[PDB]
Amino acid sequence: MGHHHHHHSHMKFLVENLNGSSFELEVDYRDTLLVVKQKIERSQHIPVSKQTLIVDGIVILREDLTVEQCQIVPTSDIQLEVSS
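Under PDB author numbering, the first residue of the sequence shown carries the number 1, and numbering increases by one thereafter.
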């Protein structure tokens, strides 16, 4: 009777692009780092290849890993530094 644990996979992490605009991108745990940056591309208007994901100091250069593996949460400092 009752009790249903509903998990929220939708994560809106603040894509804080210093050379652009901060945007909370709503990604799912299932989405890969390759796909998530394609979302960012249309948002920051910068090509995926120039999206230097800097989280807490670490650069995220992986397309093969999903966000559920990297566990990139909005409670970390997620910034973008536009490579010219």
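Every residue, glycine too, gets a C-beta built ideally from N, C-alpha and C.
Inter-residue Cα distance where the pair is residue i and residue j
i: residue 83; j: residue 54; result: 12 Å
i: residue 65; j: residue 30; result: 10 Å
i: residue 63; j: residue 50; result: 13 Å
i: residue 11; j: residue 1; result: 30 Å
Residue i, buried or exposed, once every other Cβ within 10 Å from all chains shown has been counted against 16
i: residue 37; result: buried
i: residue 104; result: Within the shown structure, residues of the chain are numbered from 1 to 84, placing residue 104 beyond reach of any answer.
i: residue 46; result: buried
i: residue 58; result: exposed
i: residue 19; result: exposed
i: residue 71; result: exposed
Endpoints, the alpha helix (DSSP H) within which residue i is located
i: residue 68; result: 67-70
i: residue 41; result: 33-44
Beta-ladder partner(s) of residue i, from DSSP
i: residue 52; result: 81
i: residue 27; result: 11
Start-to-end residues for the beta strand (DSSP E) that takes in residue i
i: residue 15; result: 11-17
i: residue 61; result: Careful: residue 61 lies outside any beta strand (DSSP E) and carries neither H nor E.
Distance cut-off 7 Å: residue i Cβ against heavy atoms of the ligand MG
i: residue 5; result: As presented, the structure is devoid of all ligands, the ligand MG included, so that no description of it is given.
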